[PDB]
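Engineer: Input file: protein-v7.txt. Contents: compact mmCIF, N, CA and C atoms.
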```
# COMPACT_ATOMS: atom_id res chain seq x y z
N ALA A 1 115.59 -13.50 122.41
CA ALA A 1 115.24 -14.58 121.50
C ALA A 1 113.94 -14.28 120.73
N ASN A 2 112.73 -14.78 120.95
CA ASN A 2 111.67 -14.52 119.98
C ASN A 2 110.88 -13.25 120.28
N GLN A 3 111.55 -12.12 120.57
CA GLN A 3 110.80 -10.92 120.92
C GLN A 3 110.44 -10.24 119.58
N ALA A 4 109.16 -10.00 119.36
CA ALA A 4 108.70 -9.37 118.15
C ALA A 4 108.64 -7.85 118.27
N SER A 5 108.93 -7.20 117.17
CA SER A 5 108.91 -5.75 117.09
C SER A 5 107.90 -5.28 116.06
N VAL A 6 107.60 -3.98 116.10
CA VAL A 6 106.73 -3.34 115.13
C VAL A 6 107.59 -3.08 113.88
N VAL A 7 107.04 -3.53 112.76
CA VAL A 7 107.67 -3.41 111.44
C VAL A 7 106.66 -2.72 110.51
N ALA A 8 107.20 -1.79 109.68
CA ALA A 8 106.38 -1.04 108.73
C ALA A 8 105.81 -1.97 107.66
N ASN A 9 104.50 -2.05 107.58
CA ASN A 9 103.80 -2.90 106.62
C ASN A 9 103.67 -2.20 105.28
N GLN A 10 103.96 -0.91 105.23
CA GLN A 10 103.95 -0.11 104.02
C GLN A 10 104.90 1.04 104.32
N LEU A 11 105.32 1.84 103.33
CA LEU A 11 106.13 3.03 103.63
C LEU A 11 105.23 3.96 104.42
N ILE A 12 105.70 4.50 105.53
CA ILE A 12 104.93 5.40 106.36
C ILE A 12 105.56 6.78 106.09
N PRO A 13 104.84 7.72 105.48
CA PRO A 13 105.33 9.08 105.18
C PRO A 13 105.67 9.86 106.45
N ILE A 14 106.59 10.82 106.32
CA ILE A 14 106.92 11.73 107.41
C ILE A 14 105.67 12.43 107.92
N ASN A 15 105.60 12.64 109.22
CA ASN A 15 104.52 13.41 109.86
C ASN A 15 103.14 12.90 109.55
N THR A 16 103.00 11.59 109.52
CA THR A 16 101.72 11.00 109.23
C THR A 16 101.39 10.13 110.43
N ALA A 17 100.14 10.22 110.82
CA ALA A 17 99.59 9.47 111.94
C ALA A 17 99.53 7.97 111.61
N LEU A 18 100.03 7.16 112.53
CA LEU A 18 100.09 5.72 112.37
C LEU A 18 98.69 5.11 112.42
N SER A 19 98.41 4.18 111.52
CA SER A 19 97.15 3.47 111.56
C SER A 19 97.44 1.97 111.67
N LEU A 20 96.47 1.13 112.03
CA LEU A 20 96.72 -0.30 112.13
C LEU A 20 97.18 -0.99 110.85
N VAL A 21 96.77 -0.54 109.66
CA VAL A 21 97.24 -1.14 108.39
C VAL A 21 98.72 -0.94 108.15
N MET A 22 99.33 0.03 108.82
CA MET A 22 100.72 0.33 108.62
C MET A 22 101.66 -0.51 109.49
N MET A 23 101.18 -1.28 110.46
CA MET A 23 102.10 -1.93 111.40
C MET A 23 101.91 -3.42 111.51
N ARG A 24 102.94 -4.20 111.22
CA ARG A 24 102.82 -5.63 111.44
C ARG A 24 103.82 -6.00 112.53
N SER A 25 103.89 -7.25 113.01
CA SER A 25 104.95 -7.56 113.93
C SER A 25 105.76 -8.69 113.37
N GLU A 26 107.02 -8.67 113.76
CA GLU A 26 107.96 -9.63 113.24
C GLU A 26 109.13 -9.77 114.19
N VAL A 27 109.78 -10.93 114.26
CA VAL A 27 110.97 -11.11 115.06
C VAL A 27 112.15 -10.67 114.18
N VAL A 28 112.69 -9.52 114.55
CA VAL A 28 113.79 -8.88 113.84
C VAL A 28 114.90 -8.50 114.82
N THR A 29 116.06 -8.21 114.24
CA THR A 29 117.22 -7.84 115.02
C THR A 29 117.82 -6.62 114.36
N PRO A 30 118.19 -5.53 115.04
CA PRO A 30 117.94 -5.29 116.47
C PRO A 30 116.46 -5.15 116.80
N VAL A 31 116.15 -5.27 118.08
CA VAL A 31 114.77 -5.18 118.57
C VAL A 31 114.36 -3.70 118.63
N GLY A 32 113.16 -3.41 118.13
CA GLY A 32 112.60 -2.06 118.10
C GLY A 32 111.46 -1.96 119.08
N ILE A 33 110.47 -1.13 118.79
CA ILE A 33 109.32 -1.01 119.68
C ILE A 33 108.61 -2.37 119.82
N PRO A 34 108.26 -2.86 121.03
CA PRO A 34 107.56 -4.14 121.22
C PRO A 34 106.25 -4.22 120.44
N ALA A 35 105.97 -5.36 119.82
CA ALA A 35 104.72 -5.58 119.12
C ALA A 35 103.44 -5.31 119.93
N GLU A 36 103.51 -5.53 121.25
CA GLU A 36 102.38 -5.27 122.15
C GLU A 36 101.99 -3.79 122.17
N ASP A 37 102.92 -2.90 121.81
CA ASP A 37 102.59 -1.51 121.81
C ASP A 37 101.91 -1.07 120.56
N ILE A 38 101.58 -1.92 119.58
CA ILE A 38 100.88 -1.44 118.39
C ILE A 38 99.59 -0.65 118.70
N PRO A 39 98.63 -1.04 119.56
CA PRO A 39 97.42 -0.25 119.78
C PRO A 39 97.68 1.14 120.36
N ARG A 40 98.73 1.27 121.15
CA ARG A 40 99.06 2.55 121.72
C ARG A 40 99.75 3.44 120.69
N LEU A 41 100.40 2.89 119.67
CA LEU A 41 101.00 3.70 118.62
C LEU A 41 99.99 4.30 117.66
N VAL A 42 98.76 3.76 117.57
CA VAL A 42 97.72 4.30 116.71
C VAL A 42 97.53 5.81 116.97
N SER A 43 97.57 6.63 115.90
CA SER A 43 97.44 8.09 115.87
C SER A 43 98.70 8.86 116.24
N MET A 44 99.78 8.19 116.66
CA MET A 44 101.02 8.91 116.93
C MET A 44 101.71 9.14 115.59
N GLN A 45 102.49 10.19 115.44
CA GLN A 45 103.15 10.49 114.19
C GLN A 45 104.61 10.11 114.17
N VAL A 46 105.09 9.71 112.99
CA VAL A 46 106.52 9.51 112.82
C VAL A 46 107.18 10.83 112.45
N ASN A 47 108.44 10.92 112.84
CA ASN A 47 109.20 12.13 112.60
C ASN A 47 110.12 12.03 111.40
N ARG A 48 110.03 10.93 110.65
CA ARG A 48 110.82 10.66 109.46
C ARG A 48 110.03 9.66 108.63
N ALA A 49 110.23 9.62 107.30
CA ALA A 49 109.62 8.57 106.50
C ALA A 49 110.18 7.21 106.93
N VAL A 50 109.34 6.19 107.01
CA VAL A 50 109.79 4.88 107.42
C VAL A 50 109.53 3.95 106.22
N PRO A 51 110.54 3.50 105.48
CA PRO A 51 110.38 2.56 104.36
C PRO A 51 109.76 1.24 104.76
N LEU A 52 109.11 0.62 103.76
CA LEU A 52 108.54 -0.71 103.92
C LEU A 52 109.55 -1.69 104.56
N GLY A 53 109.12 -2.47 105.55
CA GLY A 53 109.95 -3.45 106.16
C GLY A 53 110.93 -2.92 107.20
N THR A 54 110.95 -1.61 107.50
CA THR A 54 111.80 -1.04 108.54
C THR A 54 111.25 -1.30 109.94
N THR A 55 112.11 -1.66 110.90
CA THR A 55 111.68 -1.77 112.29
C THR A 55 111.43 -0.38 112.88
N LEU A 56 110.27 -0.14 113.46
CA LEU A 56 110.00 1.11 114.15
C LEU A 56 110.77 1.15 115.47
N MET A 57 111.60 2.18 115.58
CA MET A 57 112.41 2.40 116.77
C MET A 57 111.79 3.50 117.64
N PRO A 58 111.99 3.56 118.98
CA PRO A 58 111.39 4.57 119.87
C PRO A 58 111.61 6.02 119.43
N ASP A 59 112.81 6.29 118.91
CA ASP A 59 113.19 7.63 118.49
C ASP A 59 112.49 8.14 117.25
N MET A 60 111.78 7.26 116.52
CA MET A 60 111.09 7.61 115.28
C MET A 60 109.67 8.08 115.51
N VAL A 61 109.10 7.88 116.69
CA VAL A 61 107.71 8.21 116.89
C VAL A 61 107.66 9.36 117.88
N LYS A 62 107.04 10.41 117.40
CA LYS A 62 106.90 11.62 118.16
C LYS A 62 105.98 11.36 119.36
N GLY A 63 106.50 11.60 120.55
CA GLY A 63 105.71 11.48 121.75
C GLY A 63 105.77 10.10 122.34
N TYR A 64 106.54 9.18 121.77
CA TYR A 64 106.59 7.85 122.31
C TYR A 64 107.53 7.80 123.52
N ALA A 65 107.07 7.12 124.54
CA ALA A 65 107.86 6.77 125.72
C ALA A 65 107.10 5.55 126.25
N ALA A 66 107.79 4.46 126.55
CA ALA A 66 107.16 3.27 127.11
C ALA A 66 108.24 2.39 127.68
```
The structure in this file should be written as structure tokens.

Structural biologist:
Amino acid sequence: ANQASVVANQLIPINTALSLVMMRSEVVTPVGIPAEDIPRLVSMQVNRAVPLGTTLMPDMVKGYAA
């Protein structure tokens, strides 16, 4: 029900380190990475470009496991 996920606040380029300005949280479906994990995602890189408004999924972040 109201589980929030990490959503791209701007287009995030391929192989670019995540910063706090790039991640907002929102209740979306399907559920992606939990919003609580935003501080731990800081400095991790995406392995594909992530368009504005896309839910960040576990498979998109290099080195993510949680």

Engineer: Report as a tab-separated table (two decimals) with N, CA and C atoms, in the frame of the given file all protein, DNA and RNA residues lying within 8 Å of range 34-36 of chain A, evaluated on all atoms listed in the file, omitting residues in the same chain fewer than 2 positions from it.

Structural biologist:
```
chain	number	residue	atom	x	y	z
A	3	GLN	N	111.55	-12.12	120.57
A	3	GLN	CA	110.80	-10.92	120.92
A	3	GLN	C	110.44	-10.24	119.58
A	4	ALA	N	109.16	-10.00	119.36
A	4	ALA	CA	108.70	-9.37	118.15
A	4	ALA	C	108.64	-7.85	118.27
A	5	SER	N	108.93	-7.20	117.17
A	5	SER	CA	108.91	-5.75	117.09
A	5	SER	C	107.90	-5.28	116.06
A	6	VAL	N	107.60	-3.98	116.10
A	6	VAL	CA	106.73	-3.34	115.13
A	6	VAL	C	107.59	-3.08	113.88
A	7	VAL	N	107.04	-3.53	112.76
A	7	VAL	CA	107.67	-3.41	111.44
A	7	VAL	C	106.66	-2.72	110.51
A	24	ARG	N	102.94	-4.20	111.22
A	24	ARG	CA	102.82	-5.63	111.44
A	24	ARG	C	103.82	-6.00	112.53
A	25	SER	N	103.89	-7.25	113.01
A	25	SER	CA	104.95	-7.56	113.93
A	25	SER	C	105.76	-8.69	113.37
A	26	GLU	N	107.02	-8.67	113.76
A	26	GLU	CA	107.96	-9.63	113.24
A	26	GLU	C	109.13	-9.77	114.19
A	31	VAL	N	116.15	-5.27	118.08
A	31	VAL	CA	114.77	-5.18	118.57
A	31	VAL	C	114.36	-3.70	118.63
A	32	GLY	N	113.16	-3.41	118.13
A	32	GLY	CA	112.60	-2.06	118.10
A	32	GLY	C	111.46	-1.96	119.08
A	38	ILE	N	101.58	-1.92	119.58
A	38	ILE	CA	100.88	-1.44	118.39
A	38	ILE	C	99.59	-0.65	118.70
A	39	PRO	N	98.63	-1.04	119.56
A	39	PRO	CA	97.42	-0.25	119.78
A	39	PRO	C	97.68	1.14	120.36
A	40	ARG	N	98.73	1.27	121.15
A	40	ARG	CA	99.06	2.55	121.72
A	40	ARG	C	99.75	3.44	120.69
A	41	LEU	N	100.40	2.89	119.67
A	41	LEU	CA	101.00	3.70	118.62
A	41	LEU	C	99.99	4.30	117.66
A	56	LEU	N	110.27	-0.14	113.46
A	56	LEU	CA	110.00	1.11	114.15
A	56	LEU	C	110.77	1.15	115.47
A	57	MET	N	111.60	2.18	115.58
A	57	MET	CA	112.41	2.40	116.77
A	57	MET	C	111.79	3.50	117.64
A	58	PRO	N	111.99	3.56	118.98
A	58	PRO	CA	111.39	4.57	119.87
A	58	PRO	C	111.61	6.02	119.43
```

Engineer: Atom C of residue 55 in chain A to CA of residue 8 in chain A: how many Å, to one decimal?

Structural biologist: 6.6 Å

Engineer: Rounded to one decimal in Å, what is the spacing between CA of residue 47 in chain A and CA of residue 1 in chain A?

Structural biologist: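 So the answer is 28.8 Å.
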
Engineer: Return the single residue from A:2, A:10, A:59, A:15 that is closest to residue 29 in chain A, with distances computed using only C-alpha atoms.

Structural biologist: A:2

Engineer: Would you mind reading off the distance between atom N of residue 37 in chain A and CA of residue 12 in chain A, one decimal, in Å?

Structural biologist: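 Result for atom N of residue 37 in chain A versus CA of residue 12 in chain A: 17.7 Å, one decimal.
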
Engineer: Rank A:11, A:27, A:33, A:20 by their smallest atom-to-atom distance to residue 50 in chain A, using only N, CA and C atoms, and report the top residue only.

Structural biologist: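 Of the candidates, the smallest distance to residue 50 in chain A is held by A:11.
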
Engineer: Within 7 Å of residue 19 in chain A, counting only N, CA and C atoms, which residues show up once you throw out same-chain ones fewer than 6 positions away? Write them as an mmCIF file with N, CA and C atoms, in the coordinates of the input, please.

Structural biologist:
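selection_32.cif written:
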```cif
data_model
loop_
_atom_site.group_PDB
_atom_site.id
_atom_site.type_symbol
_atom_site.label_atom_id
_atom_site.label_comp_id
_atom_site.auth_asym_id
_atom_site.auth_seq_id
_atom_site.Cartn_x
_atom_site.Cartn_y
_atom_site.Cartn_z
ATOM 1 N N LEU A 41 100.400 2.890 119.670
ATOM 2 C CA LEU A 41 101.000 3.700 118.620
ATOM 3 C C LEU A 41 99.990 4.300 117.660
ATOM 4 N N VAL A 42 98.760 3.760 117.570
ATOM 5 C CA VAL A 42 97.720 4.300 116.710
ATOM 6 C C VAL A 42 97.530 5.810 116.970
ATOM 7 N N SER A 43 97.570 6.630 115.900
ATOM 8 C CA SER A 43 97.440 8.090 115.870
ATOM 9 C C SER A 43 98.700 8.860 116.240
ATOM 10 N N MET A 44 99.780 8.190 116.660
ATOM 11 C CA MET A 44 101.020 8.910 116.930
ATOM 12 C C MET A 44 101.710 9.140 115.590
#
```

Engineer: Give me range 47-66 of chain A with N, CA, C and O atoms filled in, as a PDB file, in the frame of the given file.

Structural biologist:
```pdb
ATOM      1  N   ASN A  47     108.440  10.920 112.840  1.00  0.00           N
ATOM      2  CA  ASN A  47     109.200  12.130 112.600  1.00  0.00           C
ATOM      3  C   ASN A  47     110.120  12.030 111.400  1.00  0.00           C
ATOM      4  O   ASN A  47     110.902  12.961 111.154  1.00  0.00           O
ATOM      5  N   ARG A  48     110.030  10.930 110.650  1.00  0.00           N
ATOM      6  CA  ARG A  48     110.820  10.660 109.460  1.00  0.00           C
ATOM      7  C   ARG A  48     110.030   9.660 108.630  1.00  0.00           C
ATOM      8  O   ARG A  48     109.155   8.970 109.175  1.00  0.00           O
ATOM      9  N   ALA A  49     110.230   9.620 107.300  1.00  0.00           N
ATOM     10  CA  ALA A  49     109.620   8.570 106.500  1.00  0.00           C
ATOM     11  C   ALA A  49     110.180   7.210 106.930  1.00  0.00           C
ATOM     12  O   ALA A  49     111.391   7.063 107.214  1.00  0.00           O
ATOM     13  N   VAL A  50     109.340   6.190 107.010  1.00  0.00           N
ATOM     14  CA  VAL A  50     109.790   4.880 107.420  1.00  0.00           C
ATOM     15  C   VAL A  50     109.530   3.950 106.220  1.00  0.00           C
ATOM     16  O   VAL A  50     108.363   3.666 105.923  1.00  0.00           O
ATOM     17  N   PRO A  51     110.540   3.500 105.480  1.00  0.00           N
ATOM     18  CA  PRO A  51     110.380   2.560 104.360  1.00  0.00           C
ATOM     19  C   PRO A  51     109.760   1.240 104.760  1.00  0.00           C
ATOM     20  O   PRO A  51     109.860   0.779 105.904  1.00  0.00           O
ATOM     21  N   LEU A  52     109.110   0.620 103.760  1.00  0.00           N
ATOM     22  CA  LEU A  52     108.540  -0.710 103.920  1.00  0.00           C
ATOM     23  C   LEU A  52     109.550  -1.690 104.560  1.00  0.00           C
ATOM     24  O   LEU A  52     110.718  -1.751 104.164  1.00  0.00           O
ATOM     25  N   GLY A  53     109.120  -2.470 105.550  1.00  0.00           N
ATOM     26  CA  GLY A  53     109.950  -3.450 106.160  1.00  0.00           C
ATOM     27  C   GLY A  53     110.930  -2.920 107.200  1.00  0.00           C
ATOM     28  O   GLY A  53     111.741  -3.707 107.706  1.00  0.00           O
ATOM     29  N   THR A  54     110.950  -1.610 107.500  1.00  0.00           N
ATOM     30  CA  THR A  54     111.800  -1.040 108.540  1.00  0.00           C
ATOM     31  C   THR A  54     111.250  -1.300 109.940  1.00  0.00           C
ATOM     32  O   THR A  54     110.028  -1.162 110.151  1.00  0.00           O
ATOM     33  N   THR A  55     112.110  -1.660 110.900  1.00  0.00           N
ATOM     34  CA  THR A  55     111.680  -1.770 112.290  1.00  0.00           C
ATOM     35  C   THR A  55     111.430  -0.380 112.880  1.00  0.00           C
ATOM     36  O   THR A  55     112.315   0.497 112.790  1.00  0.00           O
ATOM     37  N   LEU A  56     110.270  -0.140 113.460  1.00  0.00           N
ATOM     38  CA  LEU A  56     110.000   1.110 114.150  1.00  0.00           C
ATOM     39  C   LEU A  56     110.770   1.150 115.470  1.00  0.00           C
ATOM     40  O   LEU A  56     110.663   0.268 116.341  1.00  0.00           O
ATOM     41  N   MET A  57     111.600   2.180 115.580  1.00  0.00           N
ATOM     42  CA  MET A  57     112.410   2.400 116.770  1.00  0.00           C
ATOM     43  C   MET A  57     111.790   3.500 117.640  1.00  0.00           C
ATOM     44  O   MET A  57     111.095   4.360 117.102  1.00  0.00           O
ATOM     45  N   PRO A  58     111.990   3.560 118.980  1.00  0.00           N
ATOM     46  CA  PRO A  58     111.390   4.570 119.870  1.00  0.00           C
ATOM     47  C   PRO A  58     111.610   6.020 119.430  1.00  0.00           C
ATOM     48  O   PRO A  58     110.750   6.896 119.503  1.00  0.00           O
ATOM     49  N   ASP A  59     112.810   6.290 118.910  1.00  0.00           N
ATOM     50  CA  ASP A  59     113.190   7.630 118.490  1.00  0.00           C
ATOM     51  C   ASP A  59     112.490   8.140 117.250  1.00  0.00           C
ATOM     52  O   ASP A  59     112.569   9.335 116.960  1.00  0.00           O
ATOM     53  N   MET A  60     111.780   7.260 116.520  1.00  0.00           N
ATOM     54  CA  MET A  60     111.090   7.610 115.280  1.00  0.00           C
ATOM     55  C   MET A  60     109.670   8.080 115.510  1.00  0.00           C
ATOM     56  O   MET A  60     109.040   8.650 114.607  1.00  0.00           O
ATOM     57  N   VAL A  61     109.100   7.880 116.690  1.00  0.00           N
ATOM     58  CA  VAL A  61     107.710   8.210 116.890  1.00  0.00           C
ATOM     59  C   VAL A  61     107.660   9.360 117.880  1.00  0.00           C
ATOM     60  O   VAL A  61     108.199   9.323 118.993  1.00  0.00           O
ATOM     61  N   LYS A  62     107.040  10.410 117.400  1.00  0.00           N
ATOM     62  CA  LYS A  62     106.900  11.620 118.160  1.00  0.00           C
ATOM     63  C   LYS A  62     105.980  11.360 119.360  1.00  0.00           C
ATOM     64  O   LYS A  62     104.831  10.922 119.206  1.00  0.00           O
ATOM     65  N   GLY A  63     106.500  11.600 120.550  1.00  0.00           N
ATOM     66  CA  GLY A  63     105.710  11.480 121.750  1.00  0.00           C
ATOM     67  C   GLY A  63     105.770  10.100 122.340  1.00  0.00           C
ATOM     68  O   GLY A  63     105.103   9.830 123.346  1.00  0.00           O
ATOM     69  N   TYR A  64     106.540   9.180 121.770  1.00  0.00           N
ATOM     70  CA  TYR A  64     106.590   7.850 122.310  1.00  0.00           C
ATOM     71  C   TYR A  64     107.530   7.800 123.520  1.00  0.00           C
ATOM     72  O   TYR A  64     108.666   8.307 123.506  1.00  0.00           O
ATOM     73  N   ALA A  65     107.070   7.120 124.540  1.00  0.00           N
ATOM     74  CA  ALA A  65     107.860   6.770 125.720  1.00  0.00           C
ATOM     75  C   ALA A  65     107.100   5.550 126.250  1.00  0.00           C
ATOM     76  O   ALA A  65     105.855   5.570 126.272  1.00  0.00           O
ATOM     77  N   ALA A  66     107.790   4.460 126.550  1.00  0.00           N
ATOM     78  CA  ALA A  66     107.160   3.270 127.110  1.00  0.00           C
ATOM     79  C   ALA A  66     108.240   2.390 127.680  1.00  0.00           C
ATOM     80  O   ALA A  66     108.130   2.102 128.874  1.00  0.00           O
TER      81      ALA A  66
END
```
